[PDB]
Every structure is written in C-alpha cells, then in structure tokens.
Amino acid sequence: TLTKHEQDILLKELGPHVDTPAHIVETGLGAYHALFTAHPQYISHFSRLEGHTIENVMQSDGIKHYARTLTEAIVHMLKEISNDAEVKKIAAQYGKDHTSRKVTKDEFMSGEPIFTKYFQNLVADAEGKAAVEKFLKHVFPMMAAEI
C-alpha cells in the first residue's frame, strides 16, 4: 500500500483537481468519459443515464451526480490510505454502495486500467503517475470484493 510519502505526493498532485466544487465534478466527468468511450454499453447500467448514448451522455444531469460522488470517494480513500483499518472499511462500503444488479465484479474491475490511465494523465509528474497506479491497483480489489 501507499507509504506516507506516496500519499502526501498524490494528495498534493490531485489537490488542484479536487478543490473547488467545479473541479471535483470536472475530475469525475473525465473519468466516466474515458470509461464510456471504451465501454458505451456500461452507460445503461447507471440508472440516471438510461437512454443516453456516448454521443450525449456527457451532457446529462445524471453524469454530474456520478462525477461528484466518484471524486469524493477516491479522495476519501486517498486521505485514509495510511489507516489500514479505515481505508479497508471505507473501500468495502463504497463497493457495497454499488447495489445495482446491473453492475458485476468483473465489469467494475474492467474500469481499473481505464481510471488508472486517466488519473495518471491528469497528474503532473512521474512520481505522481506511479503513485496513482499503486493507489488504484490497491483499492479497486478492496471495493470489488463487496460487489
């Protein structure tokens, strides 16, 4: 798992992407955009997005809700990453929050490489890009266990 320094560095580099209400939504939007471009069939699995296509999903109201809650969840896990017990608990709950019968463990897990590339591209440098991957590779399976 992340060392204290890796957590600090990642928080620093993600900070300017997760500060303002707008940036928090913006960050989440990009992640889902990447996800739906690779897997447009996942769109209909998000209840608020039903009927949208990849052509128009980014303009829905629903995607802003999802964008906000995604960014918030990622940041929350990052902030607790040095608390083994807490991050495990938070991660498990976020997995459980994926109640929809439309989403499976395997579908969830397929988002890992996509979110990894996205967040790596979003952060500034090599040290942050490596920390992103270590961070996501660690937390994806934690959440998926409860899906």
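In this text, residue numbers run from 1 along the sequence as written.
K.L.:
Test of understanding: from the entry's C-alpha B-factors, which stretch has the higher mean, 95 to 103 or 52 to 60?
P.N.:
95 to 103 has the higher mean C-alpha B-factor.
K.L.:
Decide which of the stretches 116 to 124 and 86 to 94 has the higher mean C-alpha B-factor, going by the entry.
P.N.:
Between 116 to 124 and 86 to 94, it is 86 to 94 that shows the higher mean C-alpha B-factor.
K.L.:
For the CA B factor values reported in this entry, which option in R68, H45, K79, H33 has the top one?
P.N.:
Out of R68, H45, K79, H33, the record gives the largest C-alpha B-factor to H33.
K.L.:
C-alpha B factor of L29, ranked within the chain: lowest, middle or highest third?
P.N.:
According to the entry, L29 has a C-alpha B-factor in the chain's lowest third.
K.L.:
Per the entry's values, where does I9 land by CA temperature factor relative to the rest of its chain, in the lowest, middle or highest third?
P.N.:
Within its chain, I9 is a middle-third residue by C-alpha B-factor, going by the deposited values.
K.L.:
When the deposited Cα B-factors of this chain's modelled residues are ordered and cut into thirds, is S110 in the lowest, the middle or the highest one?
P.N.:
It belongs to the middle third of the chain when residues are ordered by C-alpha B-factor.
K.L.:
Can you work out whether the C-alpha temperature factor of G15 puts it in the lowest, middle or highest third of the chain?
P.N.:
CA B-factor rank for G15: middle third.
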